[PDB]
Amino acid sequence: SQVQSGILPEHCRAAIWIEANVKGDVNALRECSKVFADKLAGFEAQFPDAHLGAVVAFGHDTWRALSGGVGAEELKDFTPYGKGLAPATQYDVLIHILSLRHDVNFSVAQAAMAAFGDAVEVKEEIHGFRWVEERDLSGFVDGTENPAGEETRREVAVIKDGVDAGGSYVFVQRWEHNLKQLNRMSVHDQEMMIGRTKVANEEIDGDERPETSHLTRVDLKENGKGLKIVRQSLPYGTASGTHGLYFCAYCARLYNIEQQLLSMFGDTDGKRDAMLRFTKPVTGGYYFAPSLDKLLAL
């Protein structure tokens, strides 16, 4: 059972995320996904230069109908966390395209619109870009402790056996940064908000940083082992308008993601992530990405 090509590649330079709702018969998606998968393989062969991959994933209601209610038992509609502090915008279809080349990405995105256009209504399209030194627009490096290498990323993100082998759970959440509020903070204040030093990007030990620090919020364990995720987030936006981080995570279990959300947004222990001092999520949804084999034969 083959994984879809966009989950495992590391250090993309650019990505496109399309979120869309079914219009009409959900069953049309079966043929759309096969058409797009074929176009995608063609682009991957045409531009090996790009290290291109993509993922098609589906929301609870849509996947339940496409799978006939079999498998993906964890999948559910994203609903608001923190009593609304993390809003919900659950759509039916997620397409995630990533590579080293924005120009190739755009061609693949056009192919996706051609494949799905008559079956969906697009609600969001975000073009992510890797920024200097792989930093978030806040000036902090983003990705350091992400799982590295195919073996470890596969362990964290790709379902290993069962009816869903080769699939993955996906979470996407667009954040809007208020950089003027960030810059009112001393660098020490910022570093206590994140849990790592800003320029040097060294971790502050768990006892030196407040329990509201981001790293304390998301360093969660079960049975003494950390709940890991594979993050494909990138910056997005304009300099003069809206900008921030398009957050994107893959995980073999929805649980690891949900537990970090419950932690960050006050649900678990009443404390909230200190990053909410300067940035806020404005979308959110859960999706199931089937194995490529399952995607090809819906």
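Quick note: we count residues from 1 along the sequence shown, nothing fancier.
*Identify the stretch, either 272-280 or 285-293, whose C-alpha atoms have the larger mean B-factor according to the entry.*
Comparing 272-280 with 285-293, the higher average CA B-factor belongs to 272-280.
*Check the entry's C-alpha temperature factors for 132-140 and 206-214, then say which stretch has the higher mean.*
That would be 206-214.
*Which one of 252, 28, 57, 249 shows the biggest C-alpha B-factor in the PDB entry?*
Answer, based on the entry's C-alpha B-factors: 28.
*Based on what the PDB entry reports, which of 76, 127, 123, 188 has the top C-alpha B-factor?*
The record points to 188.
*Lowest, middle or highest third of the chain for the C-alpha temperature factor of residue 45?*
Within its chain, residue 45 is a highest-third residue by C-alpha B-factor, going by the deposited values.
_residue 70 by Cα B-factor - lowest, middle or highest third of the modelled chain_ = As the PDB entry reports it, the C-alpha B-factor of residue 70 lands in the highest third of its chain.
_residue 237 - which third its CA temperature factor falls in, relative to the rest of the chain_ = Lowest third.
_Can you tell me whether residue 223 has a C-alpha B-factor in the lowest, middle or highest third compared with the other modelled residues of the same chain?_
Middle third, going by the recorded CA B-factors of the chain.
_Third assignment of residue 114 from its chain's C-alpha B-factors_ = Its C-alpha B-factor belongs to the middle third of this chain's values.
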